[PDB]
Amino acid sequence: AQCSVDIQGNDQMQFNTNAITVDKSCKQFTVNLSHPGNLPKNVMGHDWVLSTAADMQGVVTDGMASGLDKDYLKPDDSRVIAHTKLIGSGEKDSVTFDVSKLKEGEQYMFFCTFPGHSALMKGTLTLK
């Protein structure tokens, strides 16, 4: 626990939280994602992606343009600090990243890149 969190994205297009603070003593931080529900990945896919607030739009945009095969993310997009894979119902994925990639005083947002899902599936992350 402490440097980790569990996120669930369901069939009603929602995440279970919209805010995450990362404790400044963490060297690394883990996100674990599971998709409750019965719908397939091609109709209700979810991933947890991270970037600063000012680049979220660019990532969602470039992400949509790359297709379901690239899990709706642009390959080697250097605005994406961290990201999971796109997962369907009953699947799960985890990502660990380096906390020194964040700095205190900058605003970060987590979100899903499936088309349209970022309207309700988005939230803040902050280094405290």
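Quick note: we count residues from 1 along the sequence shown, nothing fancier.
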Query raised in the report: If you average the Cα B factors in the entry, which is higher, 42 to 50 or 77 to 85?
Result: 77 to 85
Report summary line: Entry B factor averaged over C-alpha atoms, 29 to 37 against 92 to 100: higher for 92 to 100
Requested in this report: Using the B-factors in the PDB entry, rank residue 63's C-alpha atom against the chain and give the third, lowest, middle or highest.
Outcome: highest
Requested in this report: Sort the modelled residues of this chain by their C-alpha B factor and say whether residue 121 lands in the lowest, middle or highest third.
Outcome: lowest
Report summary line: Quick tally, chain-level thirds of C-alpha B-factors: residue 18 sits in the middle
Query raised in the report: Considering only modelled residues of the same chain, in which third does the CA B-factor of residue 12 rank: lowest, middle or highest?
Result: middle
